[PDB]
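**Q** What follows is a structure written as structure tokens; I'll ask about it next.
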Amino acid sequence: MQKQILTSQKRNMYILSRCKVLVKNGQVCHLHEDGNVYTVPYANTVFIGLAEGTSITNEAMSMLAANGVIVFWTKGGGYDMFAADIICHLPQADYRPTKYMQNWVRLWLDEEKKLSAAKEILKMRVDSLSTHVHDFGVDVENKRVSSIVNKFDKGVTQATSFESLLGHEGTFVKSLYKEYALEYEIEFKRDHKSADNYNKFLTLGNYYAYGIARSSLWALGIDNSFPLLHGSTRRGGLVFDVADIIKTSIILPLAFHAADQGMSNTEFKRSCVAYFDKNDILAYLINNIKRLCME
Amino acid sequence: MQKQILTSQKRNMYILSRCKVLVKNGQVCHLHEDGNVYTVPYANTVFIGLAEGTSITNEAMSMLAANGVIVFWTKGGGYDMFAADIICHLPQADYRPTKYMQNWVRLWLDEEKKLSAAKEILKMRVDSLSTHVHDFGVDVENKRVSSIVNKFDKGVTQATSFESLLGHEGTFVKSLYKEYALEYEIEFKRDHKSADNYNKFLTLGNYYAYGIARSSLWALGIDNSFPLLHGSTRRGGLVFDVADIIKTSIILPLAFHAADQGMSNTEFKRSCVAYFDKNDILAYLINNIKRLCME
Amino acid sequence: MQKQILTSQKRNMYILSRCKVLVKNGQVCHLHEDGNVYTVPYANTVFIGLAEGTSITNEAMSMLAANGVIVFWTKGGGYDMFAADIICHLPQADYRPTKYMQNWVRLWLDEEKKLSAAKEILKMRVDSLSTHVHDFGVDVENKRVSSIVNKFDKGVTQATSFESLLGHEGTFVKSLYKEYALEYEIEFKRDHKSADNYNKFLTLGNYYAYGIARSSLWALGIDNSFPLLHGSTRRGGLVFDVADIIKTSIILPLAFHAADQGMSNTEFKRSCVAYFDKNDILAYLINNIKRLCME
Amino acid sequence: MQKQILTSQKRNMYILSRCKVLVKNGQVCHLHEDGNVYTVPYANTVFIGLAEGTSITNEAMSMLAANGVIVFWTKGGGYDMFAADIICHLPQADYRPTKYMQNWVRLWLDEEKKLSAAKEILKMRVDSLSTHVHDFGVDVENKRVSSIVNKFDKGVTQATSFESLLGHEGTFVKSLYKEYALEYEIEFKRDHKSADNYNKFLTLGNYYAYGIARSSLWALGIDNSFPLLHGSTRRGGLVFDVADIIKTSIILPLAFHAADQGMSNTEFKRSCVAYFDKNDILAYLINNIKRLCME
Amino acid sequence: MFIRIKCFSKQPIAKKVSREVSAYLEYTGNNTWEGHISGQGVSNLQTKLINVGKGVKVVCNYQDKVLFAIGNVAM
Amino acid sequence: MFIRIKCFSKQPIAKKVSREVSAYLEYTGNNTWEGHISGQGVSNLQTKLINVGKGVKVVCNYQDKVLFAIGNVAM
DNA sequence: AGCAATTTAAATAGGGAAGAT
DNA sequence: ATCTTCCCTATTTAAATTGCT
């Protein structure tokens with residue numbers, strides 16, 4: 001049975017749209033409605049995503065789940081300001097290791113360690129914005145960005161209440177939305193319905209961030225149902241806490257760049273794959289949720 | 001084809017085989033092999049399962065998981081689970097861990113509560129020996145078997161440590177192996193790597209014994225990695241722990257009959273899902289875990 | 001298959017057809033299709049020829065070039081070259097433009113000397129006609145053709161500048177077209193973009209004349225881009241210019257004799273190289289380069 | 001012929017060793033002695049270096065003559081001790097542009113201008129060094145390289161004799177060898193018989209330099225036997241002026257990096273095709289020899 | 001400029017493709033050609049792959065996009 | 001590691017090479033797969049391709065070096 | 001839904017073989 | 001010799017379908 005390729009080293013990531021995911025001749029392959037099929041990985045994919053019109057067979061799910069593939073459905077968000085519901089099937093067949101949410105529910109129940117873990121998972125993104133730089137867009141730490149990341153680190157350190165973390169997080173996301181609007185010279189606001197290239201690409205990128213994260217959390221065991229930034233705006237889980245670490249830092253610059261230089265959907269998809277593998281974004285999330293867990 | 005397994009209140013757990021679960025007239029439907037289209041009772045389902053050879057679209061799952069029914073993948077009988085979501089709260093306007101899991105992890109934190117919970121679950125080993133009685137098995141009320149069940153009762157009402165609780169569990173399961181080998185007039189040592197038929201179908205049935213445990217804990221929300229009797233280093237220990245309820249009381253004499261009549265894997269799988277539906281084992285496990293927590 | 005063409009006295013062009021020029025037993029050889037290898041002379045050959053179907057190895061190339069003998073490639077017949085290295089003094093101990101090249105540059109780089117060289121190469125016309133009469137067309141010593149010759153032998157000697165020489169050359173070309181039309185009782189208007197057999201056979205003979213002219217300019221390293229007569233923007237004007245000596249004296253009657261008897265394109269090729277091999281007309285062209293440049 | 005790729009942006013360079021280059025189904029292919037053919041891009045190639053143990057057919061010279069391929073035969077006479085003779089077959093059938101030669105010979109002849117241009121093929125090296133930059137060798141903004149190019153500048157400018165320019169060129173090249181020796185921390189005396197990877201990659205790169213240099217000679221139409229810098233050490237024509245520009249400024253960092261990083265023979269061969277086309281060391285040599293012709 | 005030509009055609013109409021695409025493109029393996037070309041090379045190769053015949057299923061990849069879709073290709 | 005697997009085999013063995021190569025790479029064109037593999041997925045895939053059978057002709061180019069050359073593959 | 005056989009054209013290497021230059 | 005155009009020969013791929021899980 002050997003040892004299987006590790007979850008934190010899996011490379012191809014998919015968001016598969018309009019197909020019929022099936023198994024033909026022992027490989028997962030998605031039947032697009034041309035009559036032609038494309039071979040998809042099943043052992044070197046860390047998630048497949050399923051957009052409008054896709055249909056998964058059971059044997060497809062068998063292969064994917066056994067091999068360790070998070071799967072989620074894109075549509076389901078019906079609100080005006082939130083990505084509401086991403087129904088996600090985690091592979092429960094393989095018994096995931098115990099060592100990590102036996103310590104994560106320990107911090108989840110004691111509210112002072114829950115608060116401190118909320119601080120440290122909120123400094124996740126301020127170190128993620130520093131350790132994964134770009135060669136384009138904003139100067140990673142210029143004047144404005146350094147001012148907000150210092151302001152945020154001070155704000156999260158002085159806050160001992162959970163709605164205050166949500167407030168400072170909201171200012172964080174909204175004012176790098178503003179700063180990336182100024183650096184990419186456009187007027188942009190977050191709305192899941194706007195057909196703005198930026199908005200659209202950022203929605204696809206947050207789907208990708210969901211996946212790496214959901215897979216980060218399967219690999220380490222931790223469920224979604226044990227969040228660490230719960231509140232009024234955030235009703236999605238831990239995924240959307242570990243997912244936005246690599247959204248404000250990895251996704252949003254990539255979405256804005258793919259919006260300016262005329263990238264297609266598949267071009268933004270491929271850019272995600274490449275960049276994430278190069279930065280071992282998943283190895284960051286599995287090896288850094290870990291220090292929240294047992295350290 | 002269409003199947004129905006009991007759960008806490010109603011028979012709200014539907015297993016679908018050999019049908020492309022589609023969506024017709026604003027309602028998720030099933031298009032079978034015969035050609036007949038059925039419909040899903042929206043009040044008699046909040047759980048739905050998909051067996052071998054099915055398919056389900058995005059417009060089917062998104063509609064299906066908005067009214068309150070959650071999709072989970074299985075092998076063929078509706079117990080051996082590949083992939084699923086987490087049974088959280090109302091999955092449209094909220095995302096919280098259930099009340100059912102919270103009492104279990106309050107049991108998990110404290111050593112005394114976890115000890116009394118271990119006493120409880122290991123007492124419903126005796127209860128599951130009593131309540132699922134096998135005409136083709138043994139008379140479980142007789143003196144040679146009642147000696148073993150009072151051995152458990154005397155041990156588990158006197159146990160102060162986990163290490164002696166595991167030993168008393170081991171001498172119980174070993175005495176049931178010896179008595180059940182004495183009834184079929186054979187010699188038997190429990191080995192997981194032996195090529196004899198008795199061990200082969202014992203381990204084979206033990207797999208679906210773990211499968212119903214996965215289905216039962218998924219349903220209560222409990223992550224299968226907070227093991228009571230087993231150690232913290234055993235991956236997915238809680239599976240085998242709630243499977244300890246039935247591994248000696250349904251799965252053991254059925255596997256012995258499967259190796260005593262020569263019933264091969266397929267015939268044994270048939271007998272498994274048969275007894276697993278008629279005498280309601282998943283419902284028995286789900287109120288068993290309930291009673292371990294609600295008290 | 002193997003043939004010998006004279007350059008000046010004993011430096012000889014050895015056109016090899018259909019062979020395999022490889023080192024055999026120390027020295028070079030050429031294995032033909034009938035299995036007979038032949039050792040090629042080293043002091044009786046200086047320009048070794050590679051016609052159709054020949055392949056030469058690097059051992060043969062290097063040891064042939066190391067002892068004075070310099071290769072060139074050619075098409076079928078030995079007078080349709082396409083690739084070579086330039087003639088130098090000697091290819092081993094020095095690298096210098098040849099003495100014929102230097103003297104031709106002195107002709108090209110003085111306007112009066114280029115003019116007096118131009119009257120010379122125009123006045124080689126009469127010689128070319130007289131030296132090589134055919135049994136096919138008009139004799140040199142008739143009335144009207146010698147009147148055309150007398151028109152050159154008067155007008156070329158005292159023509160002032162270059163466009164006068166072009167005017168007389170045009171009158172001679174369009175005037176022997178009249179004579180060779182009267183010999184074969186047809187009507188001629190010279191057009192290369194026509195499709196009659198006379199014009200297309202004349203333009204094939206024109207290309208065949210350009211080939212040996214290019215070979216004769218190559219045989220002393222005389223560059224092809226230094227025309228006496230055509231303009232400074234005419235690409236390869238010296239090839240046409242030293243081809244015009246044979247174009248109206250041998251090529252024109254041949255193209256016409258051929259068309260009369262209505263033979264084919266390959267039959268044209270073999271008749272051209274047969275008559276071209278008989279009187280060493282290549283050797284005439286090297287003697288004209290030496291007579292033009294040496295002085 | 002159609003439009004045809006120009007001889008400035010053909011970008012497939014080859015030195016083939018131990019393989020009969022033939023024509024198979026209209027494709028130029030090298031049949032290696034193991035029995036496998038490998039198709040060559042005969043219309044996207046500027047040169048074919050026929051190294052030790054190869055042989056080319058006449059139909060494989062007809063398809064590399066019309067398509068503008070510089071076929072040179074490398075070893076035997078090409079010991080490169082004094083750069084004596086690489087037997088280099090230019091496709092001579094195509095009548096090349098003639099306004100380049102009729103200006104270049106004017107350069108060659110008038111000695112005052114020869115020196116002025118000699119200086120400029122010697123000033124094109126510091127220009128090729130400053131413009132064409134690498135990211136693995138040395139900084140061109142370093143004080144050692146600035147010092148030696150300034151010493152060569154003041155050597156070229158005040159000298160009015162060809163032996164003095166030869167000595168200045170000599171020391172420039174030799175001290176660059178020594179500077180790259182000291183900065184890469186390796187002894188280096190460039191002896192062509194020495195079989196170290198530094199010297200072997202340098203003499204392979206010099207053959208690449210000969211190939212594109214002679215391609216820039218052929219596309220201009222300029223014959224190699226008209227050298228701007230002739231003397232005792234410098235033999236072989238002006239192709240060792242058009243190669244010795246890129247020799248100190250491209251291939252010597254490329255060879256030194258290729259042997260320092262342990263890159264193989266074919267990997268340096270690949271890198272010296274990629275770089276030779278990324279900043280077009282071809283149309284640089286084309287349009288800068290066109291800057292040399294000019295007047 | 002880096003292009004990559006894959007010929008998803010039938011074999012008698014693939015040798016006729018391979019005559020002309022291998023004039024400009026290196027053979028990298030299994031009826032796929034990957035190598036360097038110029039823009040007028042792209043125009044000439046598209047023109048002389050159009051004019052060879054019927055069933056000339058050919059896909060060209062500049063970066064990760066597509067350049068030609070000659071024939072009813074699977075892409 | 002960006003490795004590019006080309007299977008120069010005959011159909012009967014090639015569909016089996018396709019089955020285990022499809023787990024780790026994606027199809028690029030005409031029995032040539034090309035994708036990102038980690039560091040040990042390439043070793044697992046080499047063992048899964050060695051045990052395919054007799055007739056496996058697979059080349060694999062990391063950078064431009066041949067990583068593995070299972071069978072009598074063409075160079 | 002997916003996996004084999006299992007024919008079934010049929011498309012496809014391929015090995016002399018005849019003409020050309 | 002070299003290349004190519006052919007074609008007859010096996011023979012190598014491929015898609016339709018039965019029969020089952």
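Chain lettering (A, B, ...) mirrors the order of the structure tokens, residue numbering begins at 1 for each chain separately, and ligand numbering begins at 1 in order of display.
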Excluding same-chain residues fewer than 2 positions from region 264-275 of chain D, what lies within 10 Å of it counting only C-alpha atoms (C1' of nucleotides), as an mmCIF file with N, CA and C atoms, in the first residue's frame?
**A**
data_model
loop_
_atom_site.group_PDB
_atom_site.id
_atom_site.type_symbol
_atom_site.label_atom_id
_atom_site.label_comp_id
_atom_site.auth_asym_id
_atom_site.auth_seq_id
_atom_site.Cartn_x
_atom_site.Cartn_y
_atom_site.Cartn_z
ATOM 1 N N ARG D 11 15.942 30.502 -34.817
ATOM 2 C CA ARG D 11 16.365 30.300 -33.438
ATOM 3 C C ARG D 11 16.420 28.819 -33.069
ATOM 4 N N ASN D 12 17.045 27.997 -33.920
ATOM 5 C CA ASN D 12 17.312 26.588 -33.612
ATOM 6 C C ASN D 12 18.741 26.244 -34.038
ATOM 7 N N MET D 13 19.673 26.333 -33.105
ATOM 8 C CA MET D 13 21.071 26.127 -33.443
ATOM 9 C C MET D 13 21.478 24.702 -33.095
ATOM 10 N N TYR D 14 22.302 24.093 -33.943
ATOM 11 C CA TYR D 14 22.667 22.705 -33.703
ATOM 12 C C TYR D 14 24.117 22.427 -34.053
ATOM 13 N N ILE D 15 24.788 21.733 -33.136
ATOM 14 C CA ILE D 15 26.015 21.009 -33.430
ATOM 15 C C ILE D 15 25.745 19.531 -33.210
ATOM 16 N N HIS D 132 24.201 43.303 -23.242
ATOM 17 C CA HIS D 132 23.835 41.914 -23.000
ATOM 18 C C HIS D 132 24.390 41.474 -21.654
ATOM 19 N N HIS D 134 24.098 39.110 -17.912
ATOM 20 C CA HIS D 134 23.722 37.837 -17.324
ATOM 21 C C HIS D 134 23.462 38.028 -15.836
ATOM 22 N N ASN D 197 36.023 21.005 -18.236
ATOM 23 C CA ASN D 197 34.681 21.410 -18.637
ATOM 24 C C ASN D 197 34.593 22.898 -18.954
ATOM 25 N N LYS D 200 36.265 23.054 -22.453
ATOM 26 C CA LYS D 200 35.439 22.356 -23.434
ATOM 27 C C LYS D 200 34.156 23.121 -23.721
ATOM 28 N N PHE D 201 33.522 23.671 -22.683
ATOM 29 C CA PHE D 201 32.345 24.497 -22.915
ATOM 30 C C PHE D 201 32.703 25.802 -23.610
ATOM 31 N N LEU D 204 33.173 24.872 -27.265
ATOM 32 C CA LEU D 204 31.869 24.620 -27.871
ATOM 33 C C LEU D 204 31.102 25.914 -28.111
ATOM 34 N N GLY D 205 31.154 26.829 -27.142
ATOM 35 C CA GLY D 205 30.514 28.115 -27.304
ATOM 36 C C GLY D 205 31.133 28.948 -28.399
ATOM 37 N N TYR D 208 29.560 27.803 -31.499
ATOM 38 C CA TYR D 208 28.273 28.495 -31.575
ATOM 39 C C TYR D 208 28.393 29.945 -32.036
ATOM 40 N N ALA D 209 29.384 30.660 -31.520
ATOM 41 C CA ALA D 209 29.715 32.008 -31.937
ATOM 42 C C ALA D 209 30.120 32.085 -33.394
ATOM 43 N N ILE D 250 29.329 36.930 -23.920
ATOM 44 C CA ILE D 250 28.181 36.043 -23.784
ATOM 45 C C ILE D 250 28.593 34.605 -23.467
ATOM 46 N N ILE D 251 29.404 33.977 -24.327
ATOM 47 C CA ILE D 251 29.551 32.530 -24.190
ATOM 48 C C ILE D 251 30.510 32.191 -23.067
ATOM 49 N N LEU D 254 28.575 32.184 -20.148
ATOM 50 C CA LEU D 254 27.726 31.013 -20.317
ATOM 51 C C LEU D 254 28.475 29.706 -20.126
ATOM 52 N N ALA D 255 29.671 29.568 -20.701
ATOM 53 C CA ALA D 255 30.505 28.389 -20.492
ATOM 54 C C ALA D 255 30.954 28.256 -19.044
ATOM 55 N N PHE D 256 31.368 29.371 -18.430
ATOM 56 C CA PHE D 256 31.848 29.314 -17.057
ATOM 57 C C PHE D 256 30.730 28.965 -16.085
ATOM 58 N N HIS D 257 29.540 29.536 -16.276
ATOM 59 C CA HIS D 257 28.382 29.173 -15.471
ATOM 60 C C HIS D 257 27.922 27.751 -15.752
ATOM 61 N N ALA D 258 28.056 27.294 -17.001
ATOM 62 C CA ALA D 258 27.621 25.953 -17.364
ATOM 63 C C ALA D 258 28.513 24.889 -16.745
ATOM 64 N N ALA D 259 29.797 25.189 -16.564
ATOM 65 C CA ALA D 259 30.652 24.198 -15.921
ATOM 66 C C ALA D 259 30.720 24.410 -14.414
ATOM 67 N N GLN D 261 27.980 25.247 -12.581
ATOM 68 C CA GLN D 261 26.753 24.658 -12.076
ATOM 69 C C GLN D 261 26.621 23.186 -12.435
ATOM 70 N N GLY D 262 27.616 22.615 -13.110
ATOM 71 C CA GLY D 262 27.614 21.201 -13.429
ATOM 72 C C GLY D 262 26.611 20.822 -14.495
ATOM 73 N N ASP D 277 18.755 33.735 -28.383
ATOM 74 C CA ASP D 277 17.476 34.237 -28.919
ATOM 75 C C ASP D 277 16.647 35.072 -27.984
ATOM 76 N N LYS D 278 16.908 35.046 -26.709
ATOM 77 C CA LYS D 278 16.204 35.916 -25.840
ATOM 78 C C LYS D 278 16.561 37.355 -26.086
ATOM 79 N N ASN D 279 17.818 37.739 -26.266
ATOM 80 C CA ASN D 279 18.109 39.125 -26.597
ATOM 81 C C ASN D 279 18.609 39.169 -28.022
ATOM 82 N N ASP D 280 18.271 38.150 -28.811
ATOM 83 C CA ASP D 280 18.693 38.070 -30.212
ATOM 84 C C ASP D 280 20.117 38.489 -30.486
ATOM 85 N N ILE D 281 21.082 37.642 -30.130
ATOM 86 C CA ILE D 281 22.407 37.934 -30.379
ATOM 87 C C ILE D 281 22.512 37.704 -31.833
ATOM 88 N N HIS E 36 11.154 26.968 -30.641
ATOM 89 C CA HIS E 36 11.105 28.417 -30.740
ATOM 90 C C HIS E 36 10.868 28.853 -32.179
ATOM 91 N N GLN F 63 13.559 19.585 -15.617
ATOM 92 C CA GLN F 63 14.310 20.571 -16.396
ATOM 93 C C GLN F 63 14.357 20.124 -17.851
ATOM 94 N N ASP F 64 15.526 19.704 -18.314
ATOM 95 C CA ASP F 64 15.603 18.929 -19.541
ATOM 96 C C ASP F 64 16.362 17.628 -19.345
ATOM 97 N N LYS F 65 16.803 17.327 -18.127
ATOM 98 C CA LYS F 65 17.409 16.038 -17.825
ATOM 99 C C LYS F 65 16.345 14.952 -17.857
#
**Q** Go through chain F and collect every residue that DSSP, computed from the backbone, puts in alpha helix (DSSP H); the answer should be as a PyMOL selection string.
**A** chain F and resi 11-21+41-50
**Q** Could those residues be written to a file, using C-alpha atoms, as a PDB file, in the first residue's frame?
**A**
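Result file result25.pdb:
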ATOM      1  CA  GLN F  11      -2.079   0.718 -26.872  1.00  0.00           C
ATOM      2  CA  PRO F  12      -2.421  -2.518 -24.815  1.00  0.00           C
ATOM      3  CA  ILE F  13       0.258  -1.427 -22.347  1.00  0.00           C
ATOM      4  CA  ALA F  14      -0.318   2.326 -22.806  1.00  0.00           C
ATOM      5  CA  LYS F  15      -3.859   2.361 -21.375  1.00  0.00           C
ATOM      6  CA  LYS F  16      -2.354   0.780 -18.269  1.00  0.00           C
ATOM      7  CA  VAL F  17       0.423   3.379 -18.187  1.00  0.00           C
ATOM      8  CA  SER F  18      -2.302   6.017 -18.561  1.00  0.00           C
ATOM      9  CA  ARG F  19      -4.181   4.599 -15.564  1.00  0.00           C
ATOM     10  CA  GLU F  20      -1.346   5.023 -13.053  1.00  0.00           C
ATOM     11  CA  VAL F  21       0.096   8.196 -14.646  1.00  0.00           C
ATOM     12  CA  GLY F  41       5.158  11.223  -5.938  1.00  0.00           C
ATOM     13  CA  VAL F  42       7.771  10.835  -8.673  1.00  0.00           C
ATOM     14  CA  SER F  43       9.256   7.819  -6.858  1.00  0.00           C
ATOM     15  CA  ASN F  44       5.803   6.324  -6.225  1.00  0.00           C
ATOM     16  CA  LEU F  45       4.938   6.899  -9.889  1.00  0.00           C
ATOM     17  CA  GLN F  46       8.221   5.332 -11.027  1.00  0.00           C
ATOM     18  CA  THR F  47       7.429   2.208  -8.999  1.00  0.00           C
ATOM     19  CA  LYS F  48       3.823   2.221 -10.216  1.00  0.00           C
ATOM     20  CA  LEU F  49       5.068   2.447 -13.816  1.00  0.00           C
ATOM     21  CA  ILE F  50       7.766  -0.203 -13.414  1.00  0.00           C
TER      22      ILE F  50
END
**Q** Pairing every Cα of chain D with chain A in order, what RMSD remains after the least-squares superposition?
**A**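 Chain A versus chain D: RMSD of 1.0 Å.
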**Q** With a distance cut-off of 7 Å and only C-alpha atoms (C1' of nucleotides), select the neighbouring residues of residue 210 (chain C), excluding the residue or stretch itself and same-chain residues fewer than 4 positions from it, and output the selection as JSON, numbers by chain.
**A** {"C": [206, 214, 239, 240, 243]}
**Q** Would you give me, as a ChimeraX atom specification, the residues in region 51-287 of chain B that DSSP reads as strand (DSSP E)?
**A** /B:55-57,70-74,81-84
**Q** Which is closer to residue 55 (chain F) than all the others in F:72, F:26, F:40, F:35, using only C-alpha atoms?
**A**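 Comparing F:72, F:26, F:40, F:35 against residue 55 (chain F), the winner is F:72.
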**Q** Identify every residue of chain A that has at least one atom within 9 Å of any atom of chain B, counting only C-alpha atoms, and report the result as a VMD selection string.
**A** chain A and resid 20 to 22 50 to 59 61 to 62 65 to 66 70 to 71 73 to 76 84 to 85 87 to 99 101 to 102 105 to 106 109 221 to 227 234 to 237
**Q** Write out as a PyMOL selection string which residues come within 12 Å of residue 5 (chain H) when counting only C-alpha atoms (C1' of nucleotides), dropping same-chain ones fewer than 2 positions away.
**A** (chain D and resi 25) or (chain G and resi 17-20) or (chain H and resi 3+7)
**Q** Please produce a file of those selected residues containing C-alpha atoms (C1' of nucleotides), as a short mmCIF file (atom, residue, chain, number, x, y, z; two decimals), in the first residue's frame.
**A**
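Just written: selection_28.cif:
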data_model
loop_
_atom_site.label_atom_id
_atom_site.label_comp_id
_atom_site.auth_asym_id
_atom_site.auth_seq_id
_atom_site.Cartn_x
_atom_site.Cartn_y
_atom_site.Cartn_z
CA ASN D 25 10.16 12.20 -45.97
"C1'" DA G 17 10.66 -2.27 -54.68
"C1'" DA G 18 10.64 0.68 -58.84
"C1'" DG G 19 11.56 5.13 -60.65
"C1'" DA G 20 14.08 9.53 -60.33
"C1'" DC H 3 15.16 9.57 -51.69
"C1'" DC H 7 1.46 -1.25 -52.07
#
**Q** Please identify all polymer residues within 10 Å of region 13-15 of chain G, counting only C-alpha atoms (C1' of nucleotides), omitting same-chain residues fewer than 6 positions from it, and present them as a CSV table (one decimal) with C-alpha atoms (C1' of nucleotides), in the first residue's frame.
**A**
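Printed below is part37.csv as written:
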chain,number,residue,atom,x,y,z
H,9,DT,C1',1.0,-7.4,-46.0
H,10,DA,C1',0.1,-8.2,-41.4
H,11,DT,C1',-1.2,-5.8,-37.3
H,12,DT,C1',-1.9,-2.8,-34.4
**Q** Quick one: residues within 8 Å of residue 27 (chain D), only C-alpha atoms (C1' of nucleotides) counted, chain neighbours fewer than 3 positions away excluded, as a JSON list (two decimals) with N, CA and C atoms, in the first residue's frame?
**A**
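For reference, selection-v4.json as written:
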[["chain", "number", "residue", "atom", "x", "y", "z"],
["D", 23, "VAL", "N", 17.92, 13.17, -45.46],
["D", 23, "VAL", "CA", 16.58, 13.70, -45.66],
["D", 23, "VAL", "C", 15.61, 12.53, -45.64],
["D", 24, "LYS", "N", 14.65, 12.57, -44.73],
["D", 24, "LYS", "CA", 13.67, 11.50, -44.63],
["D", 24, "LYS", "C", 12.28, 12.09, -44.74],
["D", 39, "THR", "N", 14.32, 14.71, -36.23],
["D", 39, "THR", "CA", 14.04, 15.76, -37.20],
["D", 39, "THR", "C", 14.63, 17.09, -36.76],
["D", 40, "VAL", "N", 15.17, 17.83, -37.71],
["D", 40, "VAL", "CA", 15.84, 19.10, -37.47],
["D", 40, "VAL", "C", 14.98, 20.21, -38.06],
["D", 42, "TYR", "N", 14.81, 22.63, -40.22],
["D", 42, "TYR", "CA", 15.62, 23.16, -41.32],
["D", 42, "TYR", "C", 15.22, 24.53, -41.76],
["E", 19, "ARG", "N", 5.96, 16.69, -41.98],
["E", 19, "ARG", "CA", 6.88, 17.25, -42.97],
["E", 19, "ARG", "C", 7.04, 18.75, -42.78],
["E", 22, "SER", "N", 7.84, 20.17, -38.65],
["E", 22, "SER", "CA", 9.23, 19.94, -38.26],
["E", 22, "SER", "C", 10.21, 20.75, -39.08],
["E", 23, "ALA", "N", 9.74, 21.56, -40.02],
["E", 23, "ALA", "CA", 10.58, 22.56, -40.64],
["E", 23, "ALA", "C", 10.91, 23.69, -39.68]]
**Q** If the cut-off is 12 Å, can you tell me the residues of chain G near chain E, counting only C-alpha atoms (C1' of nucleotides)? I'd like them as JSON, numbers by chain.
**A** {"G": [10, 11, 12, 13]}
**Q** Pull N, CA and C atoms (P, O5', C5', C4', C3', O3' and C1' of nucleotides) from the residues just selected and write them as a short mmCIF file (atom, residue, chain, number, x, y, z; two decimals), in the first residue's frame.
**A**
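As written to disk, again_23.cif reads:
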data_model
loop_
_atom_site.label_atom_id
_atom_site.label_comp_id
_atom_site.auth_asym_id
_atom_site.auth_seq_id
_atom_site.Cartn_x
_atom_site.Cartn_y
_atom_site.Cartn_z
P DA G 10 -14.83 0.42 -41.58
"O5'" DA G 10 -13.38 0.96 -41.18
"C5'" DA G 10 -13.02 1.08 -39.80
"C4'" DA G 10 -11.53 1.32 -39.67
"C3'" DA G 10 -10.80 1.63 -40.98
"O3'" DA G 10 -9.82 2.61 -40.75
"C1'" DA G 10 -9.73 -0.11 -39.92
P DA G 11 -10.10 4.16 -41.06
"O5'" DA G 11 -8.99 4.90 -40.20
"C5'" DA G 11 -8.91 4.65 -38.81
"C4'" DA G 11 -7.59 4.00 -38.44
"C3'" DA G 11 -6.34 4.71 -38.96
"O3'" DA G 11 -5.44 4.88 -37.90
"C1'" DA G 11 -6.26 2.41 -39.49
P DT G 12 -4.30 6.00 -37.97
"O5'" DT G 12 -2.95 5.15 -37.84
"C5'" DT G 12 -2.93 4.01 -37.00
"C4'" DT G 12 -1.79 3.08 -37.38
"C3'" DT G 12 -0.66 3.75 -38.16
"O3'" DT G 12 0.58 3.26 -37.69
"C1'" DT G 12 -1.37 1.86 -39.28
P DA G 13 1.75 4.27 -37.28
"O5'" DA G 13 2.83 3.34 -36.57
"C5'" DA G 13 4.07 3.11 -37.20
"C4'" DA G 13 4.38 1.63 -37.26
"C3'" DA G 13 5.64 1.27 -38.03
"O3'" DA G 13 6.16 0.05 -37.55
"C1'" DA G 13 3.82 0.36 -39.15
#
**Q** Could you list, as a VMD selection string, every residue within 9 Å of residue 294 (chain A), counting only C-alpha atoms (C1' of nucleotides) and ignoring same-chain residues fewer than 4 positions away?
**A** chain A and resid 99 to 100 103 to 104 290
**Q** Quote the spacing between CA of residue 203 (chain B) and CA of residue 191 (chain B) in Å to one decimal place.
**A**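 Atom-to-atom, CA of residue 203 (chain B) and CA of residue 191 (chain B) are spaced 9.2 Å apart.
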**Q** Provide the CA of residue 57 (chain F) to CA of residue 16 (chain D) distance in Å, to one decimal place.
**A**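 CA of residue 57 (chain F) sits 25.1 Å away from CA of residue 16 (chain D).
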**Q** What is the CA of residue 283 (chain C)-CA of residue 295 (chain C) distance in Å, reported with one decimal?
**A** 18.1 Å
**Q** Dump as a tab-separated table the rows for residues of chain F within 10 Å of chain E: closest atom pair and distance in Å with one decimal, only C-alpha atoms counted, ordered by chain and rising residue number.
**A**
residue	atom	partner	partner_atom	distance
F:6	CA	E:29	CA	7.2
F:7	CA	E:30	CA	8.0
F:8	CA	E:30	CA	6.5
F:9	CA	E:30	CA	9.6
F:28	CA	E:6	CA	9.2
F:29	CA	E:6	CA	6.7
F:30	CA	E:30	CA	6.2
F:31	CA	E:30	CA	7.0
F:32	CA	E:30	CA	7.4
F:59	CA	E:29	CA	9.5
F:74	CA	E:29	CA	9.4
F:75	CA	E:29	CA	9.9
